[PDB]
Amino acid sequence: XXXXXXXXXXXXXXXXXXXXXXXXXXXXXXXXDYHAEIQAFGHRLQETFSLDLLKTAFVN
Amino acid sequence: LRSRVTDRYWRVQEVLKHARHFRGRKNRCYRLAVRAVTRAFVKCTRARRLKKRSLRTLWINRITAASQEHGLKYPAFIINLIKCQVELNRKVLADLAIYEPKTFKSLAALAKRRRXXXXXXXX
Amino acid sequence: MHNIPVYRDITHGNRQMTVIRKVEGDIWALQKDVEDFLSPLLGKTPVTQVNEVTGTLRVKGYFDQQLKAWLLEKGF
Amino acid sequence: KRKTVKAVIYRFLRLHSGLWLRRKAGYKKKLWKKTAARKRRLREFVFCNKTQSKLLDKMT
Amino acid sequence: XXXXXXXXXXXXXXXXXXXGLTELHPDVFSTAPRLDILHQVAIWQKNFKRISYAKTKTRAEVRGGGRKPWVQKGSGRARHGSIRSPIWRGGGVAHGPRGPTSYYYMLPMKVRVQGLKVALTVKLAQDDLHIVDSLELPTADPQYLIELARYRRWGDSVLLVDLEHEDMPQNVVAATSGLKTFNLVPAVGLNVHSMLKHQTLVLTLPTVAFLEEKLXXXXXXXXX
Amino acid sequence: XXXXXXXXXXXXXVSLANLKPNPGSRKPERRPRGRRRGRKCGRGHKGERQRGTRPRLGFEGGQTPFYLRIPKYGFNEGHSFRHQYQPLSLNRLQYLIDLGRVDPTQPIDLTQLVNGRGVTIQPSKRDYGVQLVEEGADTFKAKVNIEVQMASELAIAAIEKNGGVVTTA
RNA sequence: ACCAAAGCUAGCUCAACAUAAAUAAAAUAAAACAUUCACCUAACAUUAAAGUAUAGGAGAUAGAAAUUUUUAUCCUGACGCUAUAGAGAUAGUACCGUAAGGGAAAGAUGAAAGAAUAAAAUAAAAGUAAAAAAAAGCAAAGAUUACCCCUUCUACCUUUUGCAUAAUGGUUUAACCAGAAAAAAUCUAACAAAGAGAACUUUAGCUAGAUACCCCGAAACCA
RNA sequence: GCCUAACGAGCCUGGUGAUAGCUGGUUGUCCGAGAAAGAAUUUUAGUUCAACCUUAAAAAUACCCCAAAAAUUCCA
RNA sequence: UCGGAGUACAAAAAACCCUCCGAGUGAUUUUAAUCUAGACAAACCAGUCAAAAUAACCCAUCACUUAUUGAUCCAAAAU
């Protein structure tokens, strides 16, 4: 349909003159959970312990 | 019954999107944009074909220079490298001819050594 | 009624090919029997089966007499 | 529907197999200097060439 | 000879009953359903229903005149004839639909018959076909039909072929009134288009009788 | 075998969207638009072949036509006034006897032969006769009466030999 | 952001149903032309006979008749199209010609002016913004710097033995605009000595579907 | 010469979308193969079958070809 | 339009407003009756050779050797 492509072209052209600020909560598209992040963090790096301290480390 | 709709306008939009940075109507008008695009692609192919030639010539010039610094010419150095069973490309040889004068000096020394040994064995 | 279908297929004007249609039972076994039967006689076994929703047995030669005799005596 | 050319229908004969037949020309006149064998073989029939036979077939 | 045995479940359609037993022998069944025949039948059924009312005007049918707008040479302009020409924006199209036609064609009887037969086989082996002794709708209300379709877990689209069109008002009245899911049609009016339109088929004993009679007579007429 | 394989798996119920033709059923009609054949639409460069005014068929280009150089005969004269007679083989007849068709003498006639789909329709044939040309007559079945317009010598021979009756009208 | 596009609605085509007189030509086709020419002026229903019987510079083409077969109303619209499409039509007006006659262009705010709600502001054209160190360029690419000089390359199309050619066409942009015919055949399916919905064909045929033959232009002739 | 600003025969409308073998034109992708001359024609700027070519199938064999022989014509 | 000799060197074919000569027939004697294979040449259409069988008897020379003609439809001495 031409309406969806005109709307997509208008949104993509509207984002050029307007730049929205980066948001931390809406950053990731999928749902962000603590356990998912620390799990991947444990799978990537060699060894990871103290999940509570790890979560606390990213807390400000 | 069909319609022209957005098809032609999108094709023109694409061509003009590829026609950016061009000078004059060629970055504006569609036809001149296409005419310039064809030439641009032909020149892309041709220059990408001759790029190896230009780089090769440049490398040959550099190696010729570095060789002439040691008292011998380019062809003699090439021959000596061939009889020395050296398959080293002229790119790396030029890189050594720039950054590492010691290696090229060693190769030139071995070159003059092989040349003098051949000239002494022939006599 | 008449016993079995027999299809004489013409691919071109002067060119002729034989075509059989599935009747009773599965086509594979009968095809194997056709191969084993035509192998000593013809010397080769160029048997090909074309199956969409039904099937077609195609060979190179004219066996149609032996075809009719076989499918008669068998009863299929 | 198509109209068959009568010019072909009169002097040509098509068989059931699609073969065309025509009379040999030249028997009509000036037979005085001609050999009797020539006339004899010109009184018989002859089959048309396939190329022209197809053309005459399309007209019938 | 392979005899197919199909179980006919008799439903008294009041509620909560799936229990019924009748032994049916649908010799109409075919081994492999033909997709090509079905497709050709569908395409044809779509074809003879075309009105072919598309119309336009060729340059000869244009109201405009055939006068030359200017001299051929010396004018400085391009060579041009009447302004009703297709090259002119005041003209029409030459290849246009304007010339009428008929998109239908005559399909062999054996083809369409084998089409309905094969389609019936498709609906049969797909478990979407059910056979009943009769049909009862005492209350005759939409809610009853809906809750019946939901409780008995019938298909999303069910084609009901039962009546001979000459009787049973109580059913037809409720069945033909404001129902998208269920469709009605006489046993003598059963067609392949209607079957392919729905995902589920429900037939009664007389319907199956006349159907198998017609289909056996057509298969026997096509085999002979 | 295909019925069991089609009934075993659960398919999509074959919606109208799942209808597909067999391979090579319908041709992908060629459209002249493209860079495949440039601008001439396969008509070639110029000539009268390009134009829609191209010369009529049956024309040799101005030289004396093929059909005009051919003499005349009465081949076509026949197809008009010829007396039509259709030959029938005794093999077909004995085949009809073997098909379990009507045995007795009395009902047998051309009409019954029409109902048996064993006759040739002659709508464009005026004054249609019926003839019998002998074939497949070896050891054919016996006691069968046949009524035809004019029967050939070997036909009457073959029929009478096995005890059949030839009725000439 | 400027001239600007983008947002709707009149409107109609076609099918069905209801309801004061008197042989016209020619251009053209037969690649010339002369006898000839389906066609058109008024009456002329279906199937089949049949593109047959015949006619024709026996060339192109024209072409029946005898005879055959047929059938009751009631059931309405769109795999037709929108301001360049469909009628020309918001109209035969404005305007042109002495006259006959020829024949156009032309509306959008919002539910409500209650007159600042809208939402993009990108088509060809100039403004915000010009060339820039003694340098060459069918208008770019490889390098190179967030720009350029240097090096590598004889416009497109048409027509032709051959065109960057000082041969042809084009100011640019938008839009409009030019391959629609199945006999025999190849192919996919139905049945098979039969196919095909009372019509034809047939020593594997028959039936159905699917595959190939585009536009503009005269000088003139006739009424 | 003139007959409503151009008369070797006015203009308007209709036949008419007259006729044009000519000239100017004919739009998306990819893959395989791939043509420059035999005789005729009120014909040479056009046609009709050969000289080629392409698609889809079958049955064959074909060429480069030495001495037996008449640059080739034939064949291991 | 056609035939022969060169251009066109040891089977074909091959052009030019290149080059030599010839024909639309002339005459003398015997006379070519029916049809079966199989080939040459050949775009179409026109041109050459001919074993052998049957009925009845028992084509040939010059004009160097070959040329020396005409495909359809339509008319006539009569079939």
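So basically every Cβ, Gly included, is an ideal-geometry build from the backbone, and we count neighbours across all protein chains shown. Readers should treat all values here as calculations from the given coordinates under stated rules, not as data from a laboratory.
Report the Cα centroid-to-centroid distance between the range F:121-139 and the range D:1-26 in angstrom, as an integer.
For the range F:121-139 versus the range D:1-26, the Cα centre distance is 26 Å.
Could you please state, rounded to a whole Å, how far the C-alpha centre of the range B:80-95 is from the C-alpha centre of the range F:26-53?
Cα centroid to Cα centroid, the span is 59 Å.
Give me the one-decimal nm value for the distance between modelled label points at F:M150 and F:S80, 7 Å along each residue's Cα-to-Cβ direction.
A separation of 2.2 nm, rounded to one decimal place.
Let me know the volume per residue of the alpha-carbon convex hull for the protein assembly as shown, in Å³.
Expressed per residue, the convex hull around the Cα atoms of the protein assembly as shown is 597 Å³.
Equivalent-ellipsoid semi-axes (√(5λ), Cα gyration tensor) for chain B, whole Å, largest first?
57, 13, 11
How much mean residue ellipticity at 222 nm does chain B get from its helices, if each DSSP H run of length 4 or more adds -39500 (n - 2.57) and you divide by all residues, to the nearest 500 deg cm²/dmol?
The helix contribution divided over chain B gives -25500 deg cm²/dmol.
Given R₀ = 22 Å, FRET efficiency for F:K125-D:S17 by Cβ-Cβ distance, to 0.05?
FRET efficiency, F:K125 to D:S17: 0.55.
Using the alpha-carbon centroid of each, what span in Å lies between the range C:21-49 and the range A:5-60?
67
If contacts are Cα pairs under 8 angstrom and at least 6 residues apart, what is the relative contact order of chain B in percent?
16
Roughly how tilted is helix B:90-99, in degrees to the nearest 10 and between 0 and 90, from the longest Cα axis of chain B?
Between helix and principal axis, roughly 70 degrees.
Only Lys, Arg, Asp and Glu count, each charged at its Cβ (+1, +1, -1, -1), so figure out the dipole size of the range E:1-100 about its Cα centre, rounded to 20 debye.
Using only the charged Cβ atoms, the result is roughly 2000 debye.
For E:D141, put the label point 7 Å out on the Cα→Cβ axis and report which residues of the range E:148-192 keep their amide N under 13 Å from it.
Label zone hits: E:148.
Taking the dipole about the Cα centre of the range E:37-98, with the C-beta of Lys and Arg at +1 and of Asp and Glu at -1, give me whichever of E:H39, E:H95, E:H80 is farthest to the positive side.
E:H80
For a paramagnetic label modelled at 7 Å from the Cα of B:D7 toward its Cβ, which residues of the range F:23-53 fall within the zone defined by backbone nitrogen distances under 13 Å?
F:33-34
Using Cα springs under 10 Å in a Gaussian network model of chain A, which residue among A:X23, A:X11, A:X32 shows the largest mean-square fluctuation?
It is A:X11.
Which whole-number percentage describes the relative contact order of the range F:1-149, with Cα contacts under 8 Å and a sequence gap of 6 or more?
23
Using helices alone, what [θ] at 222 nm do you get for chain E, with -39,500 (n - 2.57) per DSSP H run of 4 or more residues, divided over all residues and rounded to the nearest 500?
One gets -9500 deg cm²/dmol as the mean residue ellipticity at 222 nm.
Can you figure out the FRET efficiency of E:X9 with C:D9, using R₀ = 51 Å and their beta-carbon distance, to the nearest 0.05?
0.60
Restricting to Cα pairs below 8 Å that are 6+ residues apart, what does the relative contact order work out to for chain E? Please round to a whole percent.
Normalised by residue count, the contact order of chain E is 22 percent.
Using the beta-carbon distance between D:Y10 and F:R30 and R0 = 35 Å, what value does 1/(1 + (r/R0)^6) give for FRET efficiency, to the nearest 0.05?
Efficiency at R0 = 35 Å is approximately 0.30.
As I understand it, the value is the acute angle between the Cα axis of helix A:2-14 and the longest principal axis of the Cα atoms of chain A; what does it come to in degrees, rounded to 10?
That helix lies at roughly 70 degrees to the long axis.
What nm value, rounded to one decimal, do you get for the distance between D:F45 and F:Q50 when each label is placed 7 Å out toward the C-beta?
4.7
Return the single residue from B:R56, B:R46, B:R90 with maximal mean-square fluctuation; model: Gaussian network over chain B, springs between Cα atoms under 10 Å.
B:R46
Helix E:109-123 sits at what angle to the longest principal axis of chain E, using alpha carbons and giving 0 to 90 degrees rounded to 10?
With rounding to tens, the tilt is 50 degrees.
When chain F is modelled as a GNM with alpha-carbon springs shorter than 10 Å, which of F:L88, F:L19, F:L96 fluctuates the most?
F:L19
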